[PDB]
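Listing of input_20.txt, compact mmCIF, C-alpha atoms
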# COMPACT_ATOMS: atom_id res chain seq x y z
CA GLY L 1 -34.95 153.07 170.34
CA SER L 2 -37.58 155.20 168.58
CA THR L 3 -37.03 158.28 170.74
CA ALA L 4 -36.79 157.98 174.55
CA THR L 5 -34.86 161.31 174.78
CA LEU L 6 -38.31 162.89 174.85
CA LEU L 7 -39.31 161.48 178.23
CA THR L 8 -35.80 160.44 179.20
CA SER L 9 -34.93 164.14 179.47
CA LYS L 10 -37.78 164.31 181.99
CA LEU L 11 -36.59 161.49 184.21
CA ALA L 12 -33.10 162.97 184.08
CA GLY L 13 -34.53 165.73 186.24
CA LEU L 14 -36.18 163.29 188.63
CA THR L 15 -35.17 160.59 190.95
CA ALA L 16 -36.60 157.10 190.38
CA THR L 17 -39.41 158.09 192.76
CA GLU L 18 -40.23 161.32 190.94
CA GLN L 19 -39.83 159.47 187.67
CA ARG L 20 -42.65 157.31 188.98
CA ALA L 21 -44.57 160.44 189.86
CA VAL L 22 -44.23 162.16 186.50
CA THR L 23 -45.57 159.37 184.32
CA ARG L 24 -47.87 158.18 187.07
CA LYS L 25 -49.28 161.40 185.79
CA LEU L 26 -48.42 160.67 182.12
CA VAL L 27 -49.85 157.12 181.88
CA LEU L 28 -52.76 158.60 183.75
CA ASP L 29 -53.03 161.48 181.31
CA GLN L 30 -52.82 159.15 178.36
CA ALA L 31 -55.40 156.84 179.88
CA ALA L 32 -57.44 159.93 180.34
CA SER L 33 -57.12 160.81 176.68
CA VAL L 34 -58.26 157.28 175.90
CA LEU L 35 -61.14 157.11 178.27
CA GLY L 36 -62.58 160.53 177.53
CA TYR L 37 -60.92 162.64 180.15
CA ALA L 38 -59.04 165.93 180.10
CA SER L 39 -57.72 166.15 183.65
CA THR L 40 -57.52 162.47 184.68
CA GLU L 41 -60.78 163.23 186.46
CA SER L 42 -62.22 159.72 186.52
CA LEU L 43 -58.99 157.80 186.96
CA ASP L 44 -57.13 156.09 189.75
CA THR L 45 -53.51 155.08 190.14
CA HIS L 46 -54.40 152.56 192.81
CA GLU L 47 -56.99 150.90 190.61
CA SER L 48 -56.33 148.79 187.56
CA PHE L 49 -57.04 149.86 183.96
CA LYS L 50 -59.50 147.01 183.95
CA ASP L 51 -61.69 149.11 186.20
CA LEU L 52 -60.78 152.17 184.11
CA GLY L 53 -62.47 150.39 181.25
CA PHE L 54 -59.48 149.28 179.22
CA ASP L 55 -59.50 146.11 177.11
CA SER L 56 -58.15 144.79 173.79
CA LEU L 57 -58.99 148.19 172.28
CA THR L 58 -58.37 151.13 174.60
CA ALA L 59 -55.34 149.53 176.21
CA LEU L 60 -53.94 149.34 172.71
CA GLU L 61 -54.22 153.06 172.07
CA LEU L 62 -53.16 153.74 175.65
CA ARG L 63 -50.16 151.52 175.23
CA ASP L 64 -49.67 153.39 172.01
CA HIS L 65 -49.98 156.62 173.99
CA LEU L 66 -47.30 155.54 176.47
CA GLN L 67 -44.81 154.67 173.76
CA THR L 68 -45.62 157.91 172.03
CA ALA L 69 -45.42 159.70 175.34
CA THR L 70 -42.20 158.08 176.53
CA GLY L 71 -40.62 157.03 173.27
CA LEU L 72 -39.96 153.63 174.78
CA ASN L 73 -41.23 150.20 173.79
CA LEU L 74 -44.27 148.94 175.66
CA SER L 75 -46.56 145.99 174.86
CA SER L 76 -50.09 144.87 173.90
CA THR L 77 -51.29 143.89 177.39
CA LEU L 78 -49.04 146.43 179.03
CA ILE L 79 -51.63 147.80 181.47
CA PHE L 80 -52.78 144.26 182.14
CA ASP L 81 -49.25 143.20 182.85
CA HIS L 82 -48.94 146.17 185.11
CA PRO L 83 -52.33 146.69 186.73
CA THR L 84 -52.32 150.36 187.58
CA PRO L 85 -50.96 153.56 186.04
CA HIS L 86 -48.86 153.35 189.14
CA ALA L 87 -47.50 149.94 188.17
CA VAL L 88 -47.18 151.15 184.65
CA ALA L 89 -45.47 154.42 185.38
CA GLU L 90 -42.83 152.60 187.42
CA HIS L 91 -42.72 150.13 184.57
CA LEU L 92 -41.79 153.12 182.44
CA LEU L 93 -38.68 153.49 184.62
CA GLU L 94 -37.67 150.04 183.58
CA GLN L 95 -37.40 151.43 180.08
CA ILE L 96 -35.24 154.30 181.27
CA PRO L 97 -31.47 154.38 180.60
CA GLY L 98 -29.79 154.03 184.00
CA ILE L 99 -31.19 157.30 185.39
CA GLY L 100 -34.40 155.44 186.04
Full structure transcribed into structure tokens:
Amino acid sequence: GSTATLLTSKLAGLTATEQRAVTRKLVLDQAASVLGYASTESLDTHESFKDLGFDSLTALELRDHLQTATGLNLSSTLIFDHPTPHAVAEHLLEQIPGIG
């Protein structure tokens, strides 16, 4: 759906664990783009987007970022369903076709 092959071609090179790692960096990077960052400087993967400053605004463009980033289909309260970019990145594996 939509694309997937974009990021899916990434995870194809990883194992589920490294697939976590790569978008634990991507969701992070996106969240960074949202929040005002350029190197995920003020982010955490152990801390929830709540603390990152997301809400019914930034989470929306972040969620938007993840779907744009991955090509998969995420949701409105995505990062509030999955607390951390860690929980979200692994959530991005759930979207992945078998390889993930």
CA of residue 70 (chain L) to CA of residue 31 (chain L): how many Å, to one decimal?
13.7 Å
I'd like the neighbourhood of region 34-46 of chain L as a VMD selection string, where a residue qualifies if any of its atoms comes within 12 Å (using all atoms listed in the file), though same-chain residues fewer than 6 positions away should be ignored.
chain L and resid 20 to 21 23 to 28 52 to 55 57 to 66 79 82 to 90
Residues as selected, C-alpha atoms, written as a tab-separated table (two decimals), in the frame of the given file, can you do that?
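Printed below is selection_8.tsv as written:
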chain	number	residue	atom	x	y	z
L	20	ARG	CA	-42.65	157.31	188.98
L	21	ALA	CA	-44.57	160.44	189.86
L	23	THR	CA	-45.57	159.37	184.32
L	24	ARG	CA	-47.87	158.18	187.07
L	25	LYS	CA	-49.28	161.40	185.79
L	26	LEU	CA	-48.42	160.67	182.12
L	27	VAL	CA	-49.85	157.12	181.88
L	28	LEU	CA	-52.76	158.60	183.75
L	52	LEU	CA	-60.78	152.17	184.11
L	53	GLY	CA	-62.47	150.39	181.25
L	54	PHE	CA	-59.48	149.28	179.22
L	55	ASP	CA	-59.50	146.11	177.11
L	57	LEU	CA	-58.99	148.19	172.28
L	58	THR	CA	-58.37	151.13	174.60
L	59	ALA	CA	-55.34	149.53	176.21
L	60	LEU	CA	-53.94	149.34	172.71
L	61	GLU	CA	-54.22	153.06	172.07
L	62	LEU	CA	-53.16	153.74	175.65
L	63	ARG	CA	-50.16	151.52	175.23
L	64	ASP	CA	-49.67	153.39	172.01
L	65	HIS	CA	-49.98	156.62	173.99
L	66	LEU	CA	-47.30	155.54	176.47
L	79	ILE	CA	-51.63	147.80	181.47
L	82	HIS	CA	-48.94	146.17	185.11
L	83	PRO	CA	-52.33	146.69	186.73
L	84	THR	CA	-52.32	150.36	187.58
L	85	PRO	CA	-50.96	153.56	186.04
L	86	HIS	CA	-48.86	153.35	189.14
L	87	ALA	CA	-47.50	149.94	188.17
L	88	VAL	CA	-47.18	151.15	184.65
L	89	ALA	CA	-45.47	154.42	185.38
L	90	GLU	CA	-42.83	152.60	187.42
Hey, what's within 10 Å of region 1-18 of chain L if we count all atoms listed in the file and toss same-chain stuff fewer than 5 positions away? As a PyMOL selection string, please?
chain L and resi 23-24+26+67-73+90+92-100
Point-to-point distance in Å for CA of residue 91 (chain L) and CA of residue 78 (chain L)
9.2 Å
